[PDB]
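Please read the structure below before turning to the comments.
4 protein chains.
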Amino acid sequence: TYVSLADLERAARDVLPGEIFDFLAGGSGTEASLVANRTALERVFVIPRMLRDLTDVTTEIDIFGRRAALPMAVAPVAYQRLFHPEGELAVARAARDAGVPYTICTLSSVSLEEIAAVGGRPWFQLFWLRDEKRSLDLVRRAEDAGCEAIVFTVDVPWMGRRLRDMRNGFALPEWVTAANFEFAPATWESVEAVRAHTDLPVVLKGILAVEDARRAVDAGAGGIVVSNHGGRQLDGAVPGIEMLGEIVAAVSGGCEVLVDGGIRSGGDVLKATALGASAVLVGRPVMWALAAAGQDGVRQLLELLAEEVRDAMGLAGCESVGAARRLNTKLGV
Amino acid sequence: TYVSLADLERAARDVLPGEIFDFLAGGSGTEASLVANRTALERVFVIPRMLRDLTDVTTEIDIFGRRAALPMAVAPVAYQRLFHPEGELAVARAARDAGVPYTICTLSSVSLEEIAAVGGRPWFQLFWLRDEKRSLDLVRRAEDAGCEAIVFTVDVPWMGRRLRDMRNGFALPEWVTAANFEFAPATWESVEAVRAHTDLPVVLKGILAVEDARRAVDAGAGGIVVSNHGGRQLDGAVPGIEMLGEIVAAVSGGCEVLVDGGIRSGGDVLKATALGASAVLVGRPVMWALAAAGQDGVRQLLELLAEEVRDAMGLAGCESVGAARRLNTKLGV
Amino acid sequence: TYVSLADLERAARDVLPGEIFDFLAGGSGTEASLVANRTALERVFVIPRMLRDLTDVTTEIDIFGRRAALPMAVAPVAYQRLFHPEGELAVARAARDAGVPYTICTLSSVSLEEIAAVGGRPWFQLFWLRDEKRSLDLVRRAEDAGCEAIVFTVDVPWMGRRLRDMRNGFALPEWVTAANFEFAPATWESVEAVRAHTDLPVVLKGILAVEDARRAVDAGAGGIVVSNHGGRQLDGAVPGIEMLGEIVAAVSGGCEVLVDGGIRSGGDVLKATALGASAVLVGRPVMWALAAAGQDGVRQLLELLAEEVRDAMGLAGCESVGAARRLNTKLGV
Amino acid sequence: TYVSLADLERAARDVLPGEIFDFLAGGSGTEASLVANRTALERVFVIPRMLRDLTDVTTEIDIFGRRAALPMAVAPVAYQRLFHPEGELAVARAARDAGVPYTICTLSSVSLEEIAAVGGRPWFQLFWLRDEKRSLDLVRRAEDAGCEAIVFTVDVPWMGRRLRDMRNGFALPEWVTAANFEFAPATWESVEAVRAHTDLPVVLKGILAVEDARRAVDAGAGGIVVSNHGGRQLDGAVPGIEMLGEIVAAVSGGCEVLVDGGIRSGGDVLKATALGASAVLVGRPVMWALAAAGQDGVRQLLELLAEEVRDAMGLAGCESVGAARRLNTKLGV
Ligand SMILES: Cc1cc2nc3c(=O)[nH]c(=O)nc-3n(C[C@H](O)[C@H](O)[C@H](O)COP(=O)(O)O)c2cc1C
Ligand SMILES: Cc1cc2nc3c(=O)[nH]c(=O)nc-3n(C[C@H](O)[C@H](O)[C@H](O)COP(=O)(O)O)c2cc1C
Ligand SMILES: Cc1cc2nc3c(=O)[nH]c(=O)nc-3n(C[C@H](O)[C@H](O)[C@H](O)COP(=O)(O)O)c2cc1C
Ligand SMILES: Cc1cc2nc3c(=O)[nH]c(=O)nc-3n(C[C@H](O)[C@H](O)[C@H](O)COP(=O)(O)O)c2cc1C
Ligand SMILES: O=C(O)[C@H](O)c1ccccc1
Ligand SMILES: O=C(O)[C@H](O)c1ccccc1
Ligand SMILES: O=C(O)[C@H](O)c1ccccc1
Ligand SMILES: O=C(O)[C@H](O)c1ccccc1
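Protein chains in written order, with PDB author numbering: chain A, 2 to 182, 205 to 356; chain B, 2 to 182, 205 to 356; chain C, 2 to 182, 205 to 356; chain D, 2 to 182, 205 to 356.
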């Protein structure tokens, strides 16, 4: 019986080999951006409203044309067989059963078509390939398999310097492969190529500058994820949570604005919402639950987050996620 | 001989069973709001005035039609027999003898009429019942018994997630019951129902948004308590002390504005006053004193707070609480 | 060989009885204001100037009609025989030989006339007596003995709550007495009585509010000391260093503006100067040096501070204290 | 295999005698400015840009008429034979081979002409001599030997109070001497004397006030180094990184603006650039690498910094250093 997301991190550290726990936990460089994601959420306080009608509190949203049960999706995390033998299929099944979107990775350890067959209306995360037309082929595979959005990762012209991985000499076990199969830096040209090749909404993940948010709308994106890649890319990149309010104001409803990095409770989901997010992504905690207890672990985590989101919303006087977006906040110490 | 309120916490931790100390000490979630209540007071500094007439320093106030000896009341705390066998009666007697108002709880472990019979002009705290007309019956019982104000708790549509209690598996001992006897969320409609059913002042406890303070005045409240429920309700709710000055300015004398959360000395009372509070509530420390030494413990705590309030006021150049409200403050680190 | 003021605190803690070290070190209440005095100085950074003429760097000032060797005086500290058998006479002799003013206390453990006979042009600190005309008699004694200024302490309507002293049960040894011999709160009337009874400059020690600084000038004060009494009076009083710049601007040269609280190096003297102080007082460190090594200890401390002040000034491009007052500062973390 | 600059500090502490490690690591006074250099960088976050062309990322700059491989030079550090027997020659050879400028010190432990003979287009750091025409003789020696800029240190009218050195009784071993051979404070007159005696660019190192930056341009400087001398001069001097943006704006392209103090990664170089620096100096880390492994150690450090700078730039969307200067930043906690 886990009563917070931190109970699951403790359980995952017990089970996983050290080097795999480090691949999961780590960030780039000195891990300043990884720590700052948590700092930034901890400094945000909500100003709750009282005495509102809570007869029919709902945590549901509509996004990219589908109803979701919570304002949350599972973030793209590569190589989930590292954490549990059922890898992506375990997490995808749990997500489906919880009504939350699951992002299938370009570097998934089970093929995208197998994970899409689980059901649950899935999203697909794209890394740009050096071999471009292979890029558009992954996108078409994803669309043919029933994925509902293309989450184009735009913060990885190459992978950051993960010092834990270097120190550990980490490499994929022989038994974990990139099951969908040397990548190139993406540009605004790449975005347009993808937009022209699909009818699915294109979501740019890894935007932090206001002007890049605005350009994303101008480029025809359906959404952005305001994100420093969990502190795994530029060490010293600002947390997404610190940019979110400014970005929300700048796009002024022109696309969905998601945030990630450090979300560890339903109260953090409420903070993100109050700052203007349409939804959040959650990465590491979903992998902790997978490592600890497989599919059932992920189910328990999603049930716990659902309960915490509903609790937080109602304590704050919000019968709907839209009401939560109208909450005010105060930055503390 | 206790020389600070912290001496009493040490004494209560020694005597109480762990799970009961945790019920008392704990907050919701990660306990961020519980910690922030203390942080927020610690960052406030007073700018004292010198060379004023202190011939007749008085700590008295008039509130809800009665003189009180200090700008303080005992906060509503449920189930006080958990802490000492004499429970509410011990605290109520001490409060009476100190000249400070005592708030009788809807979840008192001794009936409201027994505690009111102690004397001391008492207040009554209301939780809204799912069974509404039972709500108005508790209010009428309280008024018939001589309570002087109705403290309507508006921040508990349901109880928060108290992880210490969950982890401990805490439940009331068989020997502690809700002696006044399934509740429902309160709304502004509920407030009006209460206001129409009583001539007593209605005080809304748990207001943090400025606009809710203003609506409270418009709704005919006689007072509000600016409060995050001691960090026991929404985890991430702003401390009341951080909202107080803004709220005081917004109501511009339309009702009494009390604050609670983390008050642990007469100097903290002075801070609250300087920020504009009419009075404060004190919760946990009163229970520490009750656990440590029963009625006499609570008497000692009230005498110590009285001394500290008078000391602080005079060192700050204030012959009256109104003068203290005109002090300026500076936020530090 | 002491190379910083902190070397002397270590030496004094070794020698003094615990309860006497606590009388010296302690503050009121939770000691928040005592800690904040240090915090506040630590957050101030100087913006030094380069490439100025330093041929004739001088640390001298003119104050209350006399040249002083440094922009520093020894603060009033009661009962110096607590620290060393030669008490006040040891400190006064050292101060004389260093060219810095020494403040003789109303609660000195050697009579004011004996300490004045040491020489060095001394100041006299006044506590207002309940018996008023005795007040004016102490002032006249001081003036007859050759004191050069009356430092009227205005922040002690009564003594603060020193919890270390309470816990230790501290009291003066039989062998330490108030050698100049039930006091009353001072008012603006008291200030005028003193001003009318002496031709010496009257300096009000313990001013923190801007308006009290202004009133001090209007009342004919020759100086003020911006001070929270070393955190020994109101617990939660703002540090003087945090008020200084505002106060300096408000009096706009109408009286000398001194500061105290936490000065522990020549660099801290430079900070105080840059914020606009005419001079600083130093309390605890002078007593550490007295406890450690008597007169010679105090001499060593004054020589070390002189060296640090001259070093700091010159590294900052300041050939005179007036130049140091024109330095700019930046508040950091 | 070192994967961060901190790996080299650990290696140098193992090898060097304590008193020599302290000479290198220490600062003046309480070491507040030394610590603040790190604090200040840690509070700066970069707002990276995405989706830019990174086909030809280059870390090169043009400065003082020469191409440099990175926006970095080796800071002047006296007496490098303290750290390794090959001293300056080892560091100069490494710097040459990495394409980065090396600053030859007036207090070098190998003569300036020997170090210049290594090649690599070197700079020369000047301390003003009490014997002035000797000053201009060092400058002419440097120019005759092929140095490309005169880095005039303007923050050392005399050496600061290094308490570690005092406590250790540190002095140069007999086997380390000032191989180029009682100095005097420099003034603006001295700057002009140097400017009139050389055609090389004159760079003033140790400027922190905005007005001194402006005067430097007016005086004909080719550059300034915004610097508190690694916290070794005035204890309480503001970090250069906290002044940099203001200074850059004030000179508005009138000279090159370099910064130093606490640069410990390529990400810190990116921060400095984003705040407007033309280039940085790096001191202590270069000496750590020299102590640990001599010339090859310094080569490894420069290769690691090159990799980190290129990584940071590209993750931030910058194909050139000029693009990096146009990045925005956000100050965090
Ligand atoms: C082990 C690991 C692998 C990841 N792999 C990818 C990836 O393949 N694609 C991607 O866009 N983001 C990837 N991310 C980043 C996440 O999508 C997400 O931005 C980050 O984990 C969110 O922060 P959180 O983990 O603090 O919730 C990865 C994160 C982790 C921890
Ligand atoms: C054990 C406990 C029980 C409480 N029960 C109630 C309650 O029944 N009604 C209510 O309005 N507040 C209740 N509160 C909140 C207090 O009235 C008050 O808002 C909070 O304790 C104030 O903070 P302090 O304890 O830091 O002084 C309770 C608090 C505690 C600690
Ligand atoms: C042991 C002790 C006794 C003091 N006695 C007096 C006093 O008799 N009169 C007075 O005006 N201030 C008194 N003070 C306050 C000092 O004058 C001064 O304001 C404070 O010590 C300055 O701070 P510092 O000790 O941090 O330098 C006393 C301080 C100490 C520590
Ligand atoms: C051991 C040591 C010796 C130094 N000697 C000189 C010097 O002779 N001339 C000079 O201008 N700066 C000198 N400096 C200061 C550096 O040039 C530089 O400003 C400072 O080291 C930069 O900070 P960093 O060490 O944090 O990178 C010295 C620094 C150290 C640590
Ligand atoms: O952090 C991630 O996205 C994941 O570890 C990853 C995989 C491949 C390239 C860069 C990064
Ligand atoms: O915190 C309190 O008010 C107290 O523990 C309580 C009792 C009943 C419901 C919610 C909360
Ligand atoms: O702090 C001081 O001034 C000193 O301890 C003191 C002495 C007498 C009354 C109040 C205070
Ligand atoms: O810090 C330095 O510049 C170096 O230690 C130094 C050498 C000579 C005088 C002052 C300072």
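From the three backbone atoms N, C-alpha and C, an ideal C-beta is built for every residue, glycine too.
**Study point:** Helix, strand or coil at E279 of chain D according to DSSP, with G and I counted as helix
**Key:** Indexing the fourth sequence from 1 puts residue 279 of chain D at position 256. In this structure, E279 of chain D counts as strand in the three-state DSSP scheme.
**Study point:** Residues that DSSP places opposite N351 of chain D in a beta bridge
**Key:** What you label residue 351 of chain D is simply residue 328 of the fourth sequence in a count that begins at 1. Paired residues: D:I48.
Check your understanding: Going by the beta-carbon positions, is the gap between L6 of chain B and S288 of chain B smaller than 8 angstroms?
Key -> The residue given as residue 6 of chain B occupies position 5 in the second sequence. The residue given as residue 288 of chain B occupies position 265 in the second sequence. Contact flag set, yes.
Check your understanding: Got a sec: is the Cβ-Cβ distance from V282 of chain D to anything in chain A below 8 angstroms?
Key -> Here residue 282 of chain D refers to the residue found at position 259 when the fourth sequence is read from its first residue. So, not an interface residue.
Point to revise | Contact with chain C by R142 of chain D, beta-carbon distance below 8 angstroms | key: In the fourth sequence, residue 142 of chain D corresponds to position 141, counting from 1. At a cut-off of 8 angstroms between beta-carbon atoms, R142 of chain D makes no contact with chain C.
Review point. Can you name the start and end residues of the beta strand (DSSP E) that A70 of chain B belongs to?
Key: Residue 70 of chain B sits at position 69 when you count from the first residue of the second sequence. For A70 of chain B, there is no enclosing beta strand (DSSP E), as DSSP marks it with neither H nor E.
Check your understanding: Mind pulling the chain C residues with CB within less than 9 angstroms of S288 of chain B?
Key -> Walking along the second sequence from the start, residue 288 of chain B turns up at place 265. Listed along the chain, the chain C residues whose CB falls inside 9 angstroms of the CB of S288 of chain B are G30, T31, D258, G259.
Review point. Mind checking if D334 of chain D is an interface residue toward chain A, Cβ cutoff 8 angstroms exclusive?
Key: For the purposes of this step, residue 334 of chain D is taken as the residue at position 311 of the fourth sequence. Between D334 of chain D and chain A, the shortest Cβ-Cβ separation is below 8 angstroms.
Review point. If you run the structure through DSSP and keep just helix, strand and coil, what is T104 of chain C?
Key: As a working note, residue 104 of chain C is residue 103 in the third sequence. Strand at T104 of chain C.
Point to revise | Under 8 angstroms (Cβ pairs) to chain A, residues found in the segment 34 to 53 of chain D | key: Of all residues in the segment 34 to 53 of chain D, those with a C-beta nearer than 8 angstroms to a C-beta of chain A are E43, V45, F46, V47, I48, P49, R50, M51, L52, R53, reading in chain order.
**Study point:** Three-way DSSP call (helix, strand, coil) for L130 of chain A in this model
**Key:** Locating residue 130 of chain A in the first sequence gives position 129, where the first residue counts as 1. Three-state result, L130 of chain A: strand.
Exercise for review: State the start and end residues of the unbroken alpha helix (DSSP H) segment that holds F171 of chain D.
Suggested key: On the fourth sequence, residue 171 of chain D is found 170 positions in, with the first residue counted as 1. Run containing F171 of chain D: none; DSSP gives neither H nor E here.
**Study point:** Heavy atom of ligand 7 within 7 angstroms of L35 of chain C beta-carbon
**Key:** Mapped onto the third sequence, residue 35 of chain C falls at position 34. No.
Review point. Could you give the distance in angstroms between the alpha-carbon of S301 of chain C and the alpha-carbon of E234 of chain D?
Key: Residue 301 of chain C sits at position 278 when you count from the first residue of the third sequence. Residue 234 of chain D sits at position 211 when you count from the first residue of the fourth sequence. Approximately 24 angstroms between the Cα atoms of the pair.
Point to revise | Any alpha helix (DSSP H) of 4 or more consecutive residues that is wholly inside the segment 280 to 356 of chain A | key: Taking only runs of at least 4 residues, the alpha helix (DSSP H) segments lying wholly in the segment 280 to 356 of chain A are 289 to 297, 307 to 338, 344 to 348.
Check your understanding: Since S5 of chain A meets chain B, which of its residues come closer than 7 angstroms, beta carbon to beta carbon?
Key -> Residue mapping note: residue 5 of chain A aligns to position 4 of the first sequence, counting from 1. Below the 7 angstroms Cβ cutoff, chain B contributes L164 as neighbours of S5 of chain A, in chain order.
Practice item. Taking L130 of chain C and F153 of chain C to be in contact with their CB atoms under 8 angstroms, please state how far apart those CB atoms are, rounded to whole angstroms. Key: Here residue 130 of chain C refers to the residue found at position 129 when the third sequence is read from its first residue. Here residue 153 of chain C refers to the residue found at position 152 when the third sequence is read from its first residue. That belief does not hold up - the Cβ atoms of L130 of chain C and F153 of chain C are roughly 12 angstroms apart, past 8 angstroms.
Check your understanding: Using a Cβ-Cβ cut-off of 6 angstroms (strictly less than) and excluding sequence neighbours within five positions of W311 of chain C, which residues of its own chain qualify?
Key -> Here the question's residue 311 of chain C lines up with position 288 in the third sequence. So the qualifying residues of the chain are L9, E10, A13.
Review point. Just to check, is the beta-carbon of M160 of chain C closer than 7 angstroms to a non-hydrogen atom of ligand 7?
Key: The residue you call residue 160 of chain C lines up with position 159 of the third sequence. At least one heavy atom of ligand 7 is nearer than 7 angstroms to the Cβ of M160 of chain C, so yes.
Practice item. Check distances from the C-beta atoms of the segment 263 to 275 of chain A to those of chain B and list, in chain order, the residues that come in under 8 angstroms. Key: From the segment 263 to 275 of chain A, no residue has a Cβ closer than 8 angstroms to chain B.
Point to revise | Any chain D beta carbon closer than 8 angstroms to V92 of chain C | key: Here residue 92 of chain C refers to the residue found at position 91 when the third sequence is read from its first residue. Judged by the 8 angstroms Cβ criterion, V92 of chain C is not in contact with chain D.
Exercise for review: Answer yes or no: does any C-beta atom of chain A fall closer than 8 angstroms to that of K353 of chain D?
Suggested key: Indexing the fourth sequence from 1 puts residue 353 of chain D at position 330. Closer than 8 angstroms to some Cβ of chain A, the Cβ of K353 of chain D qualifies, so yes.
Practice item. Go through its chain and collect everything with a Cβ distance to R82 of chain D's Cβ below 6 angstroms, but skip five positions before and after it. Key: Counting from one through the fourth sequence, the residue named residue 82 of chain D turns up at place 81. So the list reads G88, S110, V177, once near-sequence residues are dropped.
Review point. So, helix, strand or coil for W124 of chain D, using DSSP?
Key: For the purposes of this step, residue 124 of chain D is identified with residue 123 of the fourth sequence, where counting begins at 1. In the structure shown, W124 of chain D falls within a strand segment according to DSSP collapsed to helix, strand and coil.
Review point. Hey, how far is the Cα of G337 of chain C from the Cα of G170 of chain C?
Key: Within the third sequence, the letter at position 314 stands for residue 337 of chain C. Within the third sequence, the letter at position 169 stands for residue 170 of chain C. Cα to Cα, the separation comes out at about 47 angstroms.
Exercise for review: List the endpoints of the continuous alpha helix (DSSP H) containing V157 of chain A.
Suggested key: As a first step, residue 157 of chain A is located in the first sequence; it is residue number 156 there, counting from the start. Run containing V157 of chain A: none; DSSP gives neither H nor E here.
**Study point:** C-beta neighbour in chain A for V214 of chain B, strict 8 angstroms
**Key:** Taking the second sequence and counting its residues from 1, the one referred to as residue 214 of chain B is at position 191. Residue-level contact by beta carbon holds for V214 of chain B and chain A, with a gap shorter than 8 angstroms.
Check your understanding: Quick one: is the Cβ of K228 of chain C within less than 7 angstroms of any heavy atom of ligand 3?
Key -> Translated into the one-based positions of the third sequence, residue 228 of chain C becomes position 205. The closest heavy atom of ligand 3 lies less than 7 angstroms from the beta carbon of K228 of chain C.
Check your understanding: Closest Cβ-Cβ distance between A232 of chain A and chain D: below 8 angstroms?
Key -> Locating residue 232 of chain A in the first sequence gives position 209, where the first residue counts as 1. Closer than 8 angstroms: yes.
**Study point:** Cβ-Cβ separation, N351 of chain D to residue 184 of chain D (assumed contact under 8 angstroms), whole Å
**Key:** There are no atomic positions for residue 184 of chain D here, as chain D continues from 182 directly to 205.
**Study point:** Spatial distance of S112 of chain C from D334 of chain B (CA atoms)
**Key:** For the purposes of this step, residue 112 of chain C is taken as the residue at position 111 of the third sequence. For the purposes of this step, residue 334 of chain B is taken as the residue at position 311 of the second sequence. Between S112 of chain C and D334 of chain B, the C-alpha separation is close to 31 angstroms.
Check your understanding: With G299 of chain A and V271 of chain A assumed to form a contact (beta carbons below 8 angstroms), what rounded beta-carbon distance in angstroms separates them?
Key -> Here the question's residue 299 of chain A lines up with position 276 in the first sequence. Here the question's residue 271 of chain A lines up with position 248 in the first sequence. Between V271 of chain A and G299 of chain A the Cβ distance is about 3 angstroms, and since that is below 8 angstroms, they are a contact.
Point to revise | Contact with chain D by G337 of chain C, beta-carbon distance below 8 angstroms | key: Reading the third sequence from its first residue, position 314 is the one you call residue 337 of chain C. Closer than 8 angstroms: yes.
**Study point:** Closer than 8 angstroms to chain A by CB, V356 of chain D
**Key:** By 1-based counting over the fourth sequence, the position of residue 356 of chain D is 333. Taking Cβ atoms only, chain A reaches closer than 8 angstroms to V356 of chain D, which makes this a yes.
Check your understanding: Considering only C-alpha positions, which residue in the set C:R255, C:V282, C:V292 is nearest to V248 of chain C?
Key -> Working through the third sequence from its first residue, we reach residue 248 of chain C at position 225. Per the Cα distances, C:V282.
Review point. Should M167 of chain C be labelled buried (16 or more other beta-carbon atoms within 10 Å of its own) or exposed?
Key: The residue labelled residue 167 of chain C in the question sits at position 166 within the third sequence. In the assembly as shown, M167 of chain C is an exposed residue. Its beta-carbon has fewer than 16 other beta-carbons within 10 Å.
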